[PDB]
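As given, the protein sequences belong to chains A, B, C, D, E, F, G and H, one line each in that order.
Position one of the first sequence corresponds to residue 1 (the entry's author numbering), numbered consecutively onward.
Position one of the second sequence corresponds to residue 1 (the entry's author numbering), numbered consecutively onward.
Position one of the third sequence corresponds to residue 1 (the entry's author numbering), numbered consecutively onward.
Position one of the fourth sequence corresponds to residue 1 (the entry's author numbering), numbered consecutively onward.
Position one of the fifth sequence corresponds to residue 1 (the entry's author numbering), numbered consecutively onward.
Position one of the sixth sequence corresponds to residue 1 (the entry's author numbering), numbered consecutively onward.
Position one of the seventh sequence corresponds to residue 1 (the entry's author numbering), numbered consecutively onward.
Position one of the eighth sequence corresponds to residue 1 (the entry's author numbering), numbered consecutively onward.
Virtual Cβ for every residue (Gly too), placed ideally from N, Cα, C.
Down below is the structure, laid out as structure tokens.
Protein chains: 8
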Amino acid sequence: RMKXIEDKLXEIXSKXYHXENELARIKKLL
Amino acid sequence: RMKXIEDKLXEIXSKXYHXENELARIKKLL
Amino acid sequence: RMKXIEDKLXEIXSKXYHXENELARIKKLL
Amino acid sequence: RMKXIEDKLXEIXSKXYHXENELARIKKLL
Amino acid sequence: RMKXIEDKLXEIXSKXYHXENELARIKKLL
Amino acid sequence: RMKXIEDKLXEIXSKXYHXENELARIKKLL
Amino acid sequence: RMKXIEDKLXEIXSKXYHXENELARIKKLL
Amino acid sequence: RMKXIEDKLXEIXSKXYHXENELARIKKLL
């Protein structure tokens, strides 16, 4: 319950890595 | 409570799909 | 506790609106 | 448990700052 | 950025008028 | 944006034909 | 990217001076 | 996108050589 939430919020804090690095793909095209 | 949180964190893990695919719209313009 | 989490996950599901509309700012420059 | 979730949802509401300001990097290149 | 590029490409499409008319100067010396 | 830039760069690569052929006007007056 | 494009569009707006002055070469041979 | 724009701006900076040398054709007819 709480732990398998905290280990989703694991996944989001990966998505907010791939936000950053796949923005930084775009910024470094521009 | 916990379940209807986990099935929001469903929605975010959709938003972090549409992050990716609607970045990949931009990258593939550039 | 749970409710004042669910009404943050309110805020994120606003941030994932302003993700979309402030991407769609960029796409519609390009 | 709940508090150390709420202080992750701290981190996301930082990532959704750096979403905004590192989009606004791109928009202000364009 | 993009708008103040496309409005240089304004200036070039003036240079490619003044190309033309200041050749049409020479052609009408000849 | 990008497409309606690249399709100006269409127009310039016409101006750089009409550069050429309306010089080849002068060269064949001479 | 965009800056090192706009500073090519620098070079072209030099070529469209040296267009002009090296025509004004010919016009003043004629 | 950006790369296949900058490598048109390649082609124009060839047209602005062949501007030059095929004027330097005329100047050396005169």
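- Straight-line spacing of the CA atoms in residue 24 (chain G) and residue 27 (chain H) works out to 11 Å.
- Judged by DSSP secondary structure, residue 25 (chain D) falls within the alpha helix (DSSP H) whose first and last residues are 25-28.
- Rounded to whole angstroms, the Cβ separation of residue 5 (chain H) and residue 5 (chain F) is 6 Å, and the two are in contact under 8 Å.
- By the CB criterion at 8 Å, residue 22 (chain C) and residue 20 (chain D) fall inside the cutoff.
- Among the CB atoms of chain A, one or more fall inside 8 Å of the CB of residue 22 (chain D).
- Taking a beta-carbon distance threshold of 8 Å, residue 28 (chain A) does not count as an interface residue toward chain B.
- In this structure, residue 30 (chain C) places its C-beta atom within 8 Å of the C-beta atom of residue 2 (chain F).
- Scanning chain B for C-beta atoms nearer than 7 Å to the C-beta of residue 3 (chain A) yields nothing, as the closest lies near 11 Å away.
- Under the Cβ distance rule, residue 11 (chain G) does not count among the residues neighbouring chain E, no pair being separated by less than 8 Å.
- The alpha-carbon separation between residue 15 (chain C) and residue 7 (chain G) amounts to approximately 36 Å.
- The C-alpha of residue 18 (chain G) lies about 19 Å from the C-alpha of residue 17 (chain F).
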